[PDB]
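Below is one structure, written out as structure tokens; the observations come after it.
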Amino acid sequence: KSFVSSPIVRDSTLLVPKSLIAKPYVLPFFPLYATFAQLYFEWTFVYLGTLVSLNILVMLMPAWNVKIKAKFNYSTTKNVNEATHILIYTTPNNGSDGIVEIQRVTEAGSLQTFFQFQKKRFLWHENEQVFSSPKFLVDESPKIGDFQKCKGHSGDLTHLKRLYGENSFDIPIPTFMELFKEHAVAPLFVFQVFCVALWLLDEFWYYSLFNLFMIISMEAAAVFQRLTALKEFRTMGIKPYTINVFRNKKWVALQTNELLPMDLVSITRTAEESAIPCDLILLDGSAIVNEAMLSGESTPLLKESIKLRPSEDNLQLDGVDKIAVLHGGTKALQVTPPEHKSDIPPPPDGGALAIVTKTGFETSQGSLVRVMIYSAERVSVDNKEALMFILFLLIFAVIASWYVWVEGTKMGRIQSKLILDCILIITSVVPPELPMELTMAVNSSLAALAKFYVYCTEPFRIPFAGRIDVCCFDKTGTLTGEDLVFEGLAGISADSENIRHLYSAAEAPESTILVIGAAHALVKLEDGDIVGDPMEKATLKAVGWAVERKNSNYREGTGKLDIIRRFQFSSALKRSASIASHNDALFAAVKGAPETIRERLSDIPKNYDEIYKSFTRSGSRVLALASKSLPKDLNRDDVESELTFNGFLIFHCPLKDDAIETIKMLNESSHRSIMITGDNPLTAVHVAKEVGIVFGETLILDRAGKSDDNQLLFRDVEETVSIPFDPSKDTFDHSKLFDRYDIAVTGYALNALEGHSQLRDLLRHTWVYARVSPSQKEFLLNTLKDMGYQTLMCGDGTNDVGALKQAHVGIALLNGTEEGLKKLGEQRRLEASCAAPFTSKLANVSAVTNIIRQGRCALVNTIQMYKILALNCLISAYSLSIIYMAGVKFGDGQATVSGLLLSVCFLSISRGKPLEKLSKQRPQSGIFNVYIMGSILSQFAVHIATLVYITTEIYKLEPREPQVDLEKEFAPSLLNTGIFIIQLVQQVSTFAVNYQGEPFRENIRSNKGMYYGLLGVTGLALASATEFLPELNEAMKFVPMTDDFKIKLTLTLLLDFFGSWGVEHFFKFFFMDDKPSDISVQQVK
Ligand SMILES: Nc1ncnc2c1ncn2[C@@H]1O[C@H](COP(=O)(O)OP(=O)(O)CP(=O)(O)O)[C@@H](O)[C@H]1O
């Protein structure tokens, strides 16, 4: 049981094919044909018809559902040598079931049973008798001695080639013919071609031909779209380029394809439009990688070797040992050759050494591409509401067809020809485009978005963006510009007679001007450039340093300084340290957040507590600087053991000019917006108040005293009010605290309140969170999802990738310039993050408003299309019923003209423009709600009332009498004319009545296309009805009408339109928008 062993599969059964005689249709259907031929040797024709229909349907049934295919064609067996096909039952969240072939190849005297499912290999291990995916050494149990031990592959590596495969993406794009063949067997297209075959049987020639051409066109267009999408995915593949590889104890040139795990390679500067081959791990040398893809930020990291680490005891952790790993798909700006000699010869090229770990689809970028392409979830996969809706429509059609049959039998008509009319009605009621509705809307919305440089990776998240309950933001990098102006240094003097004193430049002693030079991460590249964080470059320029090609940055007019070794910065550790050396001696510099640096240095200044609070109150951003003298490879807790103060850094943060308006629009558009930052709560509260998240006074939570006693104290921003709280005993007083202040919560108080009962009551009212570590952001977003509110997070950098992934819809704002993109587009004419579900290249923050508007428009357009299709189908069915009751029937030209005059409106209707300003009314999801059913049923009631009235009128003018053996021949008659024109006018009126309202997208008068189409079609229908022009009526074979009849015919249609408009307007006014949540209410203080 459960032969295949992998987290993808759930259960499997082996299969073996069967011959044609064993097939479930060919052999059992012979006796039926035999008895049919015996009985034959009129009414007997329908028997052969239904038998051929059942046969041709059974022949196609297997391709629809794979379980049916396995049950029909294949027989289950337990012999693993006999089996030639295997079925795979997938787990709930991974793809869908399928049938895959089992292949056999003999190598080294041993046969190997292997197949490939979802581009993830398998193999047959004899001792365990199970199918198991290949697993790499890094994942299971790394031994840091083995990595340094490895010396490269040698000998015949054929088994490895079989087990791990070629190291490249394998995405085949099929030909147009194969894809159209795959589409042809779909149930919907088969249903449509059967419907057209009926009309061909009913002697409708031109109508059927036009319908068939339209069907073919639609299918071809869909196939072109899908092929374009598959072609677009392939761009993530990288063209193989040559690197050197250590095989057979010497260096040989190989391509990127021939790479396997644990195989030595030498990487150089990444060529243009290329990246690192696969997931490496450094063994010697250095590099400067740019995690632009995975992380989403351009700041370059620094990677070092693994050689210095102890080999025996340590285990490769991928935690503190992350500086070695080099992910696949990130450009490496520079590499430095190995310093010292080792047993293995130097690389012929200047690159540093590396060891391979994973290849192909199992790397990070590769696994993400696989999940994006194959295991993605389609929009509305369940598709239950549409089936219930279609069952509703079929019930109505059966109600009509029963009366059709009764009247047809009563009027003497032959049943052999009446059953075809009944089937025509029943198959005519059904709208085919209904299940494939929302997909086209989402694709149109994506195409509209991509014009604003907002690229989408996973499309099925768009309907979530329509109705978002709460949306959260990051502070620096998202709401605040990237350029940072330097104000000055403060608090460096010890006397501190003035709290707000600034030493601009060259007024501080040598200590601090050396400190800022030592504690930096900038580096000058080979060709000559400077790459680093903008804040750091700004401060280093303003102070007056200059960085050279080597590590030594000098020529500041004060000496020559060089950096020996540096420690990496982290989010969880708010501190960065570097060790430097001067012409005289050696020291150590540290630079980090003030609250944490206060707990490290030895001499606590007298005004240290007060200066940074007094400066943080108004906008500024502050960092601390401390240095310690150190006499001549060591740990980390020794350099940051105890330090000495040197001064503060005070930066100013300029708001993005776009940030002010979007937040106001979101506050007025029935959304609640909160902030999640990293800085101390003073700057957070200040920016939140300047943008418009919090209006009045705000309260802050934090530790009460220096002792870690876990007691939280509500304290005002200006220290005027102090209110104590305890996590064990006291509980929040709603009226005293939450109504008056709208408190802001620090990360520490969130850590202490873990497990509390009123935690979820607290997380309702707070709008601002400060000093949170990346794990706490994930916790916050998961809790907000848990309460039932859908979320949106717009994040700047790698600080919050975990939070971005958890949100229902996430955006990553990559920094960019409009002029740079224009120049790049011009260069491309003259001649890709994958970090979050969505990506935006422009630095502006309007992308949130843009994507919300587009999602809302997609939803509301889906609703409109549902209603319009349903009503048109019902009207057509009942009109055909009323005609087919008697003997009369349409002509070919009349039906074809109706088809064209409706397709003209179909073409124009989809074109529309969204309103710029968002509206409070949020559209509800789901087919079944009071609005849709009420509107549809009432409009249909008015339509059938008018139709019954005019039918009674026409029967009263001319009476019909039962003639034996009626035959539905076309001839001009009052009934034909009246019903044809009423059908046309009402099918046109449904569009004009149910076009989507103003508050969401636009009015009807704004767009000229649909307006001119509707006015022209109504003018044509009227001029046909009011006999204004004789050539039109005489040329289309309409009977001349009585002067008394035309007045009633026109007035009933006019009143019908007005009644439909009135009812639809009432229902829209009353039951359209669902109520906003409780969290998003703009309560006053
Ligand atoms: N290279 C660096 N060196 C020293 N201190 C740094 C630093 N980078 C950040 N800090 C300090 O650590 C604190 C927390 O860092 P963190 O990255 O979590 O927040 P942040 O403001 O830098 C990004 P965001 O605003 O998106 O949350 C920062 O406020 C800053 O005081």
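Residue numbering restarts at 1 in every chain; chains get A, B, ... in the order shown in the structure tokens, and ligands count up from 1 in that same order.
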Around ligand 1, at most 6 Å away and counting only C-alpha atoms and all ligand atoms, which residues are there? Put them as a JSON list (two decimals) with N, CA and C atoms, in the first residue's frame, please.
[["chain", "number", "residue", "atom", "x", "y", "z"],
["A", 474, "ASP", "N", 4.93, 49.29, 5.85],
["A", 474, "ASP", "CA", 6.24, 49.46, 6.48],
["A", 474, "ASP", "C", 6.64, 50.93, 6.42],
["A", 475, "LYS", "N", 7.47, 51.35, 7.38],
["A", 475, "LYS", "CA", 7.75, 52.78, 7.53],
["A", 475, "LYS", "C", 8.84, 53.26, 6.59],
["A", 476, "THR", "N", 10.06, 52.76, 6.76],
["A", 476, "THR", "CA", 11.21, 53.26, 6.01],
["A", 476, "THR", "C", 11.45, 52.41, 4.78],
["A", 477, "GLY", "N", 11.56, 53.06, 3.63],
["A", 477, "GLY", "CA", 11.62, 52.39, 2.36],
["A", 477, "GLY", "C", 10.31, 52.32, 1.62],
["A", 569, "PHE", "N", 25.45, 42.85, 9.88],
["A", 569, "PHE", "CA", 24.27, 43.39, 10.54],
["A", 569, "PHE", "C", 23.11, 42.42, 10.39],
["A", 571, "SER", "N", 18.64, 41.84, 11.46],
["A", 571, "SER", "CA", 17.41, 42.46, 11.95],
["A", 571, "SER", "C", 17.22, 42.19, 13.43],
["A", 574, "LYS", "N", 20.20, 44.59, 16.56],
["A", 574, "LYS", "CA", 20.22, 45.96, 16.09],
["A", 574, "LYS", "C", 21.59, 46.60, 16.28],
["A", 575, "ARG", "N", 22.63, 45.95, 15.77],
["A", 575, "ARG", "CA", 23.98, 46.47, 15.94],
["A", 575, "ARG", "C", 24.89, 45.91, 14.86],
["A", 576, "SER", "N", 25.87, 46.71, 14.46],
["A", 576, "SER", "CA", 26.88, 46.33, 13.49],
["A", 576, "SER", "C", 28.23, 46.77, 14.01],
["A", 591, "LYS", "N", 28.12, 50.33, 15.96],
["A", 591, "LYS", "CA", 27.11, 51.28, 15.51],
["A", 591, "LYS", "C", 25.77, 50.56, 15.48],
["A", 592, "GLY", "N", 24.85, 50.97, 16.34],
["A", 592, "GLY", "CA", 23.58, 50.29, 16.43],
["A", 592, "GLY", "C", 22.53, 51.14, 17.09],
["A", 593, "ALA", "N", 21.37, 50.54, 17.32],
["A", 593, "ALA", "CA", 20.25, 51.25, 17.93],
["A", 593, "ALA", "C", 20.63, 51.73, 19.33],
["A", 623, "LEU", "N", 20.99, 56.96, 15.58],
["A", 623, "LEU", "CA", 21.83, 55.80, 15.79],
["A", 623, "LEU", "C", 22.93, 56.17, 16.78],
["A", 677, "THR", "N", 6.76, 48.91, 11.86],
["A", 677, "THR", "CA", 8.04, 49.56, 11.59],
["A", 677, "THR", "C", 9.13, 48.88, 12.40],
["A", 678, "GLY", "N", 10.30, 49.50, 12.42],
["A", 678, "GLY", "CA", 11.39, 49.01, 13.23],
["A", 678, "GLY", "C", 11.95, 50.03, 14.20],
["A", 679, "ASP", "N", 11.71, 51.31, 13.95],
["A", 679, "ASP", "CA", 12.31, 52.35, 14.77],
["A", 679, "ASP", "C", 11.63, 52.43, 16.13],
["A", 796, "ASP", "N", 9.12, 47.10, 2.03],
["A", 796, "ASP", "CA", 10.26, 47.65, 1.31],
["A", 796, "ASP", "C", 11.32, 46.60, 1.00],
["A", 799, "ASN", "N", 13.45, 42.73, 5.26],
["A", 799, "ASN", "CA", 13.13, 42.75, 6.68],
["A", 799, "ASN", "C", 11.89, 41.92, 6.98]]
To test your reading of the structure, identify every residue in region 501-578 of chain A that backbone DSSP assigns to helix (DSSP H, G or I), and report it as a PyMOL selection string.
chain A and resi 510-518+534-543
Put those residues in a file: C-alpha atoms, as a CSV table (one decimal), in the first residue's frame.
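File written: out14.csv
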chain,number,residue,atom,x,y,z
A,510,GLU,CA,39.2,62.8,16.4
A,511,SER,CA,37.5,59.9,18.2
A,512,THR,CA,34.1,60.2,16.5
A,513,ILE,CA,35.4,61.2,13.1
A,514,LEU,CA,37.5,58.0,13.2
A,515,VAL,CA,34.6,55.9,14.6
A,516,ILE,CA,32.3,56.8,11.6
A,517,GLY,CA,35.1,55.9,9.2
A,518,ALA,CA,35.7,52.5,10.8
A,534,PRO,CA,22.2,55.3,0.7
A,535,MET,CA,22.1,56.4,4.3
A,536,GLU,CA,25.7,55.2,4.9
A,537,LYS,CA,27.0,56.8,1.7
A,538,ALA,CA,25.3,60.0,2.7
A,539,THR,CA,26.8,60.1,6.2
A,540,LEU,CA,30.3,59.0,4.9
A,541,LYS,CA,30.3,61.8,2.3
A,542,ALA,CA,29.0,64.5,4.7
A,543,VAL,CA,31.6,63.7,7.2
Between CA of residue 332 (chain A) and CA of residue 261 (chain A), what is the distance, to one decimal in Å?
20.4 Å
Pick from A:6, A:266, A:758, A:112 nearest to residue 88 (chain A), counting only C-alpha atoms:
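Of A:6, A:266, A:758, A:112, the one nearest residue 88 (chain A) is A:6, counting only C-alpha atoms.
Nearest residue to residue 94 (chain A) among A:507, A:377, A:733, A:284 is A:377, counting only C-alpha atoms.
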Counting only C-alpha atoms, what is within 9 Å of region 387-399 of chain A, bar same-chain residues fewer than 4 positions away, as a list in words?
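Residues meeting the cut-off are residues 383, 403, 422, 425, 426, 427, 428, 429, 430, 431, 434, 435, 870, 873, 874, 877, 878, 927 and 928 of chain A.
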Go ahead and save the residues from that selection, with N, CA, C and O atoms, as a CSV table (one decimal), in the first residue's frame.
chain,number,residue,atom,x,y,z
A,383,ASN,N,-16.2,25.6,-8.1
A,383,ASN,CA,-17.1,25.8,-9.2
A,383,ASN,C,-18.5,25.1,-8.9
A,383,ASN,O,-19.1,24.6,-9.8
A,403,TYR,N,-44.7,22.0,-21.4
A,403,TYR,CA,-45.9,22.7,-22.0
A,403,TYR,C,-45.7,22.7,-23.5
A,403,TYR,O,-46.7,22.6,-24.3
A,422,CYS,N,-38.2,20.1,-28.4
A,422,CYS,CA,-38.0,20.1,-27.0
A,422,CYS,C,-36.5,20.1,-26.6
A,422,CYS,O,-36.0,20.9,-25.8
A,425,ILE,N,-34.9,23.6,-27.2
A,425,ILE,CA,-35.2,24.5,-26.1
A,425,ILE,C,-34.3,24.2,-24.9
A,425,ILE,O,-33.6,25.1,-24.4
A,426,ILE,N,-34.2,23.0,-24.5
A,426,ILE,CA,-33.5,22.6,-23.3
A,426,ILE,C,-32.0,22.9,-23.4
A,426,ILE,O,-31.3,23.4,-22.5
A,427,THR,N,-31.4,22.6,-24.6
A,427,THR,CA,-30.0,22.9,-24.8
A,427,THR,C,-29.8,24.4,-25.1
A,427,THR,O,-28.6,24.9,-25.0
A,428,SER,N,-30.8,25.2,-25.5
A,428,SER,CA,-30.7,26.6,-25.7
A,428,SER,C,-30.6,27.4,-24.4
A,428,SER,O,-30.0,28.4,-24.4
A,429,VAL,N,-31.3,26.9,-23.4
A,429,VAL,CA,-31.3,27.7,-22.2
A,429,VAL,C,-29.9,27.9,-21.6
A,429,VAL,O,-29.7,28.8,-20.9
A,430,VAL,N,-29.0,26.9,-21.8
A,430,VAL,CA,-27.8,26.8,-21.0
A,430,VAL,C,-26.8,27.8,-21.6
A,430,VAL,O,-26.4,27.7,-22.8
A,431,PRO,N,-26.2,28.7,-20.8
A,431,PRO,CA,-25.1,29.5,-21.2
A,431,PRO,C,-23.8,28.9,-21.1
A,431,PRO,O,-23.4,28.4,-20.0
A,434,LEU,N,-20.5,30.6,-19.0
A,434,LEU,CA,-20.6,31.0,-17.6
A,434,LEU,C,-19.5,30.5,-16.7
A,434,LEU,O,-19.0,31.2,-15.9
A,435,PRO,N,-19.0,29.2,-16.8
A,435,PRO,CA,-18.0,28.8,-15.8
A,435,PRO,C,-16.6,29.4,-16.1
A,435,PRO,O,-15.9,29.6,-15.2
A,870,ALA,N,-27.5,35.2,-17.8
A,870,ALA,CA,-28.6,34.4,-17.4
A,870,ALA,C,-29.9,35.0,-18.0
A,870,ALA,O,-30.7,34.2,-18.6
A,873,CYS,N,-30.3,34.3,-21.8
A,873,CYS,CA,-30.6,32.9,-22.1
A,873,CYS,C,-32.1,32.6,-21.8
A,873,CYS,O,-32.8,31.9,-22.6
A,874,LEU,N,-32.6,33.1,-20.7
A,874,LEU,CA,-34.0,32.8,-20.3
A,874,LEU,C,-34.9,33.4,-21.3
A,874,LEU,O,-35.9,32.7,-21.7
A,877,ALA,N,-34.9,31.3,-24.5
A,877,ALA,CA,-35.6,30.0,-24.4
A,877,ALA,C,-37.1,30.2,-24.4
A,877,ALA,O,-37.8,29.5,-25.1
A,878,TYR,N,-37.6,31.2,-23.6
A,878,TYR,CA,-39.1,31.3,-23.6
A,878,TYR,C,-39.7,31.8,-24.9
A,878,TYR,O,-40.8,31.4,-25.3
A,927,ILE,N,-22.1,33.7,-6.2
A,927,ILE,CA,-23.2,33.8,-7.1
A,927,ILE,C,-24.6,34.0,-6.4
A,927,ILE,O,-25.4,34.9,-6.7
A,928,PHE,N,-24.8,33.2,-5.3
A,928,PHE,CA,-26.1,33.2,-4.6
A,928,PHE,C,-26.1,34.3,-3.6
A,928,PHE,O,-25.4,34.2,-2.6
Would you mind listing what lies within 12 Å of residue 1070 (chain A) as a ChimeraX atom specification, with only C-alpha atoms counted and same-chain residues fewer than 3 positions away left out?
/A:921,930-932,934-935,1063-1067,1073-1075
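We find CA of residue 909 (chain A) and CA of residue 381 (chain A) to be spaced 26.7 Å apart.
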From the set A:728, A:96, A:973, A:478, which residue has the shortest atom-to-atom contact distance to residue 842 (chain A), counting only C-alpha atoms?
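For residue 842 (chain A), the nearest of the given residues is A:478.
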Which residues are close to region 596-610 of chain A, i.e. within 8 Å by only C-alpha atoms, leaving aside same-chain residues fewer than 2 positions away? Reply as a VMD selection string.
chain A and resid 491 494 496 499 574 to 575 592 to 594 612 to 614 624 626 640 to 645
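Of the listed residues (A:480, A:44, A:680, A:746), A:746 comes nearest to residue 714 (chain A); the distances count only C-alpha atoms.
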Within 9 Å of region 162-173 of chain A, counting only C-alpha atoms, which residues show up once you throw out same-chain ones fewer than 5 positions away? Write them as a PDB file with N, CA and C atoms, in the first residue's frame, please.
ATOM      1  N   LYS A 119       7.649  17.293 -13.016  1.00  0.00           N
ATOM      2  CA  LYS A 119       9.057  17.635 -13.204  1.00  0.00           C
ATOM      3  C   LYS A 119       9.884  17.375 -11.948  1.00  0.00           C
ATOM      4  N   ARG A 121      11.678  14.120 -10.152  1.00  0.00           N
ATOM      5  CA  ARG A 121      12.019  12.754 -10.513  1.00  0.00           C
ATOM      6  C   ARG A 121      11.590  11.768  -9.430  1.00  0.00           C
ATOM      7  N   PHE A 122      11.676  10.486  -9.774  1.00  0.00           N
ATOM      8  CA  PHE A 122      11.469   9.398  -8.833  1.00  0.00           C
ATOM      9  C   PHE A 122      12.409   8.263  -9.209  1.00  0.00           C
ATOM     10  N   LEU A 123      12.451   7.240  -8.362  1.00  0.00           N
ATOM     11  CA  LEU A 123      13.272   6.074  -8.644  1.00  0.00           C
ATOM     12  C   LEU A 123      12.730   4.889  -7.859  1.00  0.00           C
ATOM     13  N   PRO A 134      14.873  11.744  -5.107  1.00  0.00           N
ATOM     14  CA  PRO A 134      16.265  11.841  -4.655  1.00  0.00           C
ATOM     15  C   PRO A 134      16.442  12.981  -3.667  1.00  0.00           C
ATOM     16  N   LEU A 157      30.427   8.865 -13.975  1.00  0.00           N
ATOM     17  CA  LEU A 157      29.267   9.349 -13.231  1.00  0.00           C
ATOM     18  C   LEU A 157      27.981   9.197 -14.044  1.00  0.00           C
ATOM     19  N   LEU A 227      -0.499  29.866 -24.868  1.00  0.00           N
ATOM     20  CA  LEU A 227       0.848  29.677 -25.395  1.00  0.00           C
ATOM     21  C   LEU A 227       1.730  30.880 -25.085  1.00  0.00           C
ATOM     22  N   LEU A 230       2.823  30.538 -21.409  1.00  0.00           N
ATOM     23  CA  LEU A 230       3.900  29.562 -21.254  1.00  0.00           C
ATOM     24  C   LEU A 230       5.218  30.097 -21.795  1.00  0.00           C
ATOM     25  N   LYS A 231       5.171  30.862 -22.887  1.00  0.00           N
ATOM     26  CA  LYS A 231       6.395  31.470 -23.398  1.00  0.00           C
ATOM     27  C   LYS A 231       6.941  32.504 -22.420  1.00  0.00           C
ATOM     28  N   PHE A 233       6.710  32.432 -19.147  1.00  0.00           N
ATOM     29  CA  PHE A 233       7.362  31.775 -18.014  1.00  0.00           C
ATOM     30  C   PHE A 233       8.812  31.416 -18.312  1.00  0.00           C
ATOM     31  N   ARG A 234       9.122  31.062 -19.559  1.00  0.00           N
ATOM     32  CA  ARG A 234      10.444  30.534 -19.876  1.00  0.00           C
ATOM     33  C   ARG A 234      11.554  31.564 -19.708  1.00  0.00           C
ATOM     34  N   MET A 236      12.581  33.094 -17.192  1.00  0.00           N
ATOM     35  CA  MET A 236      13.374  32.895 -15.983  1.00  0.00           C
ATOM     36  C   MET A 236      14.515  31.914 -16.217  1.00  0.00           C
ATOM     37  N   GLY A 237      14.420  31.095 -17.260  1.00  0.00           N
ATOM     38  CA  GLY A 237      15.528  30.227 -17.612  1.00  0.00           C
ATOM     39  C   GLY A 237      16.719  31.030 -18.103  1.00  0.00           C
ATOM     40  N   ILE A 238      17.914  30.567 -17.746  1.00  0.00           N
ATOM     41  CA  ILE A 238      19.159  31.249 -18.074  1.00  0.00           C
ATOM     42  C   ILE A 238      19.921  30.423 -19.099  1.00  0.00           C
ATOM     43  N   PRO A 240      22.797  28.547 -20.900  1.00  0.00           N
ATOM     44  CA  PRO A 240      24.000  27.910 -20.357  1.00  0.00           C
ATOM     45  C   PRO A 240      25.267  28.590 -20.845  1.00  0.00           C
ATOM     46  N   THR A 256      27.094  24.856 -18.139  1.00  0.00           N
ATOM     47  CA  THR A 256      26.271  24.922 -16.938  1.00  0.00           C
ATOM     48  C   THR A 256      25.398  23.682 -16.781  1.00  0.00           C
ATOM     49  N   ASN A 257      25.084  22.998 -17.882  1.00  0.00           N
ATOM     50  CA  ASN A 257      24.191  21.845 -17.811  1.00  0.00           C
ATOM     51  C   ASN A 257      24.813  20.700 -17.021  1.00  0.00           C
ATOM     52  N   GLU A 258      26.073  20.383 -17.297  1.00  0.00           N
ATOM     53  CA  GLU A 258      26.723  19.224 -16.690  1.00  0.00           C
ATOM     54  C   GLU A 258      27.274  19.598 -15.313  1.00  0.00           C
ATOM     55  N   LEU A 259      26.361  19.718 -14.352  1.00  0.00           N
ATOM     56  CA  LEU A 259      26.723  19.983 -12.966  1.00  0.00           C
ATOM     57  C   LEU A 259      25.882  19.118 -12.038  1.00  0.00           C
ATOM     58  N   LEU A 260      26.530  18.530 -11.045  1.00  0.00           N
ATOM     59  CA  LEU A 260      25.903  17.632 -10.090  1.00  0.00           C
ATOM     60  C   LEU A 260      26.310  18.030  -8.681  1.00  0.00           C
ATOM     61  N   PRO A 261      25.533  17.637  -7.673  1.00  0.00           N
ATOM     62  CA  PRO A 261      25.870  18.012  -6.297  1.00  0.00           C
ATOM     63  C   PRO A 261      27.245  17.510  -5.882  1.00  0.00           C
ATOM     64  N   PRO A 277      25.059  29.786 -11.282  1.00  0.00           N
ATOM     65  CA  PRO A 277      24.440  28.572 -11.834  1.00  0.00           C
ATOM     66  C   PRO A 277      23.419  27.906 -10.922  1.00  0.00           C
ATOM     67  N   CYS A 278      23.819  27.566  -9.702  1.00  0.00           N
ATOM     68  CA  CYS A 278      22.950  26.849  -8.777  1.00  0.00           C
ATOM     69  C   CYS A 278      23.450  27.088  -7.356  1.00  0.00           C
ATOM     70  N   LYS A 358      22.623  21.882  -4.541  1.00  0.00           N
ATOM     71  CA  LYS A 358      21.417  21.445  -5.226  1.00  0.00           C
ATOM     72  C   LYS A 358      21.441  21.928  -6.667  1.00  0.00           C
ATOM     73  N   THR A 359      20.763  21.187  -7.543  1.00  0.00           N
ATOM     74  CA  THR A 359      20.750  21.495  -8.965  1.00  0.00           C
ATOM     75  C   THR A 359      19.334  21.403  -9.513  1.00  0.00           C
ATOM     76  N   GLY A 360      19.051  22.231 -10.510  1.00  0.00           N
ATOM     77  CA  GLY A 360      17.826  22.075 -11.280  1.00  0.00           C
ATOM     78  C   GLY A 360      16.642  22.725 -10.609  1.00  0.00           C
ATOM     79  N   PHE A 361      15.549  21.970 -10.499  1.00  0.00           N
ATOM     80  CA  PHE A 361      14.296  22.482  -9.960  1.00  0.00           C
ATOM     81  C   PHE A 361      14.254  22.499  -8.438  1.00  0.00           C
ATOM     82  N   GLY A 366      14.233  27.560  -8.302  1.00  0.00           N
ATOM     83  CA  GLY A 366      13.644  26.501  -9.103  1.00  0.00           C
ATOM     84  C   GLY A 366      12.368  25.949  -8.499  1.00  0.00           C
TER      85      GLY A 366
END
Extract, using only C-alpha atoms, all DNA, RNA and protein residues at most 7 Å from residue 913 (chain A), discarding same-chain residues fewer than 2 positions from it, and format them as a PDB file with C-alpha atoms, in the first residue's frame.
ATOM      1  CA  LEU A 915     -13.459  55.656 -11.691  1.00  0.00           C
ATOM      2  CA  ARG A1001     -16.500  51.921 -12.774  1.00  0.00           C
ATOM      3  CA  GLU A1002     -18.361  54.518 -14.857  1.00  0.00           C
TER       4      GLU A1002
END
Distance of CA of residue 405 (chain A) from CA of residue 963 (chain A), expressed in Å to one decimal place:
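Those two atoms sit 16.3 Å apart.
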With distances taken over only C-alpha atoms, the candidate from A:495, A:702, A:742, A:82 nearest residue 770 (chain A) is A:702
Could you please write out, as JSON, numbers by chain, every residue of region 66-136 of chain A that DSSP assigns to strand (DSSP E)?
{"A": [74, 75, 76, 85, 86, 87, 88, 89, 90, 98, 99, 100, 101, 103, 104, 105, 106, 107, 110, 111, 112, 113, 114, 116, 117, 120, 121, 124, 125, 130, 131, 132]}
Any chance you can output those residues with C-alpha atoms as a short mmCIF file (atom, residue, chain, number, x, y, z; two decimals), in the first residue's frame?
data_model
loop_
_atom_site.label_atom_id
_atom_site.label_comp_id
_atom_site.auth_asym_id
_atom_site.auth_seq_id
_atom_site.Cartn_x
_atom_site.Cartn_y
_atom_site.Cartn_z
CA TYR A 74 -6.68 0.08 -17.38
CA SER A 75 -6.85 -2.82 -14.93
CA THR A 76 -5.09 -2.63 -11.58
CA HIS A 85 1.44 2.80 -16.17
CA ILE A 86 1.00 4.26 -12.69
CA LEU A 87 -1.72 6.48 -11.24
CA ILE A 88 -0.92 9.24 -8.73
CA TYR A 89 -3.39 10.59 -6.18
CA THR A 90 -2.10 14.00 -5.14
CA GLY A 98 -2.79 12.24 -13.35
CA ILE A 99 -1.55 9.19 -15.23
CA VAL A 100 2.20 8.88 -15.82
CA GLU A 101 4.16 6.30 -17.79
CA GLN A 103 9.98 3.78 -18.23
CA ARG A 104 12.79 1.23 -18.08
CA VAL A 105 16.46 1.61 -19.02
CA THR A 106 19.26 -0.88 -18.36
CA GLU A 107 22.61 0.51 -17.20
CA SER A 110 20.90 -3.33 -13.85
CA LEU A 111 17.49 -2.14 -15.00
CA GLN A 112 16.12 1.02 -13.40
CA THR A 113 12.43 1.84 -13.00
CA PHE A 114 11.92 5.59 -12.99
CA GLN A 116 8.93 11.91 -13.78
CA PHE A 117 5.85 13.57 -12.29
CA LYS A 120 10.18 16.02 -9.93
CA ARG A 121 12.02 12.75 -10.51
CA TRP A 124 12.75 2.45 -7.62
CA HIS A 125 14.81 1.31 -4.63
CA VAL A 130 9.04 2.05 -3.08
CA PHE A 131 9.27 5.08 -5.33
CA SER A 132 11.35 7.79 -3.64
#
Compare A:653, A:582, A:158, A:335 by their minimum atom-to-atom distance to residue 554 (chain A), counting only C-alpha atoms, and give me the closest one.
A:582
